[PDB]
Amino acid sequence: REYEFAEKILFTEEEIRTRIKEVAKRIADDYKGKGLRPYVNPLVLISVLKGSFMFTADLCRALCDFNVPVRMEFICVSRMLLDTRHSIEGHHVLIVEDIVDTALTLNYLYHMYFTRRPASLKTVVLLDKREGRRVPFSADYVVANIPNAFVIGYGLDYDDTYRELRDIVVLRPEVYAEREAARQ
Amino acid sequence: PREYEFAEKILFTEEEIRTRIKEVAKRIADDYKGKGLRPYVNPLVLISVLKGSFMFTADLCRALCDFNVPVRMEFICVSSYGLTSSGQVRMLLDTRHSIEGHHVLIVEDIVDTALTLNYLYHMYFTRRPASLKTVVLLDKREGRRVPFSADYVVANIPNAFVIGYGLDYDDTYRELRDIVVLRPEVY
Ligand SMILES: O=c1[nH]cnc2c1ncn2[C@@H]1O[C@H](COP(=O)(O)O)[C@@H](O)[C@H]1O
Ligand SMILES: O=c1[nH]cnc2c1ncn2[C@@H]1O[C@H](COP(=O)(O)O)[C@@H](O)[C@H]1O
């Protein structure tokens, strides 16, 4: 599809759907010998709002396909604004994130929950800007790698806009300037 | 169709839901053709009522994009209080922005007894939004405890305990692709 504010398309929703199916395939095998079951010992997807909402709805669906018992958790940051509802102490957790850049965020999340003692703590990210860490972090599961660029859609946003896009696209440079200043 | 041993009968498949959401999304598109909805300035604000609307929402918002409907996505989390019969729930997460002078759309998984949905509505009505409406995937008309009509309805249903595509039984089965009826031999 083509857009007005996109400098170029990155990941079409078809390619995306494909990369997700695949990763959930890897996830599925990796916890095979883990005695995961509904109710008692399911895979706890701790998803981070609001940028992984799309990723999480599609990926959790990728996992039912591989018959993977899962628990949905939603937490928010901006600061901790919404924490987990139920405990992850003695559970396998999957911190679902949208994109790792500086990693300053996921590192914080990881340890916090790491000090929460789950049976194991792993991370899936939809998009990963490997070339920009301000600090070391390695996602366990990665759908796609992207260069240091501002991308929107598939849940991803600029000022809480362009999230509902079906595709991952690049925000035209002369569009964020064009608004960032109208802002700041 | 897929198998669901824990399910006695599938109600709706992903594709049926798809067809119904898309349909609903165009209807939302004509109804707002004239309110000059625009990004940043005056989008369609989607108030997703966690945890159940998460799947509906991800899908809903895309169909709407297809119809060029600029949507602002908001997510709210709530918790029962008991203590309550008015529909009173505790706010764990509120919207990032105000809805004042805004075209707002509450997004529920299922309207049933409607106490919560009716309660949030009243909550948000008092925040002076440009307009306030609701879309619900599922609706169990009879089951009211309070009079409540939704502005959009993906599909109607009888009083079954349903599950899937967001909807849960004791935090279970929401990850499912289709909406199915939890079989009696499981409660
Ligand atoms: O290109 C981007 N598009 C959308 N959000 C981004 C982008 N880069 C960073 N972010 C947001 O920045 C948050 C923190 O990134 P990090 O802490 O540097 O890994 C992410 O969860 C994203 O929501
Ligand atoms: O048929 C159902 N299956 C699963 N959960 C349901 C069903 N009906 C209501 N719920 C849950 O209970 C909430 C209450 O809806 P209410 O009865 O209209 O207030 C819903 O949002 C769901 O989380």
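Just so we're on the same page: letters track the sequence lines, and every chain starts at 1. Every number for a ligand or one of its atoms is a count from 1 in the order of the listing. Every heavy atom of this structure was used, including side-chain atoms; hydrogens, water molecules and symmetry mates were not.
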Quiz item: Rounded to the nearest 0.5 Å, what separation is found between the CZ atom of A:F114 and the CZ atom of A:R116?
Solution: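 If we round to the nearest 0.5 Å, A:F114:CZ and A:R116:CZ are 14.0 Å apart.
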Quiz prompt | Distance in Å, A:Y154 OH paired with A:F55 CZ, rounded so as to fall on 0.5 Å steps | solution =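 That separation rounds to 7.0 Å.
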Exercise. State whether any protein heavy atom lies less than 4.0 Å from atom 14 (C) of ligand 1.
Key: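 Flag for atom 14 (C) of ligand 1 set to true, protein heavy atom closer than 4.0 Å.
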Quiz item: Looking at atom 9 (C) of ligand 2, would you say a protein heavy atom lies below 4.0 Å from it?
Solution: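 Within 4.0 Å of atom 9 (C) of ligand 2, protein heavy atoms are found.
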Practice problem: Pick, from B:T113, B:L117, B:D109, B:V136, the option with the minimum heavy-atom distance to atom 19 (O) of ligand 2. | Solution: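 Nearest option to atom 19 (O) of ligand 2, by heavy atoms: B:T113.
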Exercise. With atom 20 (C) of ligand 2 as the reference point, say which of B:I110, B:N118, B:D168 has the nearest heavy atom.
Key: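 The residue whose heavy atom sits nearest atom 20 (C) of ligand 2 is B:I110.
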For ligand 2, which atoms sit closer than 4.0 Å to a heavy atom of [X]?
X      : answer
B:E108 : 21 (O)
B:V111 : 18 (O)
B:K140 : 1 (O), 2 (C), 8 (N)
B:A160 : 1 (O)

Can a salt bridge be assigned to the pair [X] and [Y] using a cut-off of 4.0 Å between side-chain N and carboxylate O?
X      : Y      : answer
B:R141 : B:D112 : no
A:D65  : A:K25  : no
A:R166 : A:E13  : yes

Self-check item: Step-by-step salt bridge (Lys or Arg N to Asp or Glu O under 4.0 Å) determination, A:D58 to A:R61
Solution: CA-CA 5 Å; A:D58 287 350; A:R61 248 179 310 211; 2.8 Å; yes
Quiz item: Among all protein non-hydrogen atoms, which one is nearest to atom 3 (N) of ligand 2, and what is the separation to 0.1 Å?
Solution: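 Heavy-atom neighbour on the protein nearest atom 3 (N) of ligand 2: B:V162 O, 2.8 Å.
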Quiz item: When you look at CD of B:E3, are more than 12 heavy atoms from neighbouring residues, nucleotides or ligands closer to it than 6.0 Å?
Solution: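 No, not enclosed.
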Quiz item: Crowded around B:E142 CD? As in, over 12 foreign heavy atoms under 6.0 Å?
Solution: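 Yes - once you tally the heavy atoms of other residues, nucleotides and ligands closer than 6.0 Å, there are more than 12.
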Quiz prompt | ligand 2 contact by B:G143, heavy-atom criterion under 4.0 angstrom | solution =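 B:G143: no contact with ligand 2 (<4.0 Å).
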Quiz prompt | Donor-acceptor contact below 3.5 Å, side chain B:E74 vs main chain B:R96 | solution =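 Checked: pair present.
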Quiz item: For ligand 1, which atoms have a heavy atom of A:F150 less than 4.0 angstrom away?
Solution: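 Checking each atom against A:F150, I get 1 (O).
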Self-check item: Atoms in ligand 1 flagged as close to A:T105, the criterion being non-hydrogen separation under 4.0 Å
Solution: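 What qualifies from ligand 1 is 14 (C), 17 (O).
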Quiz prompt | A:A103 N/O to ligand 1 N/O under 3.5 Å | solution =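 Yes.
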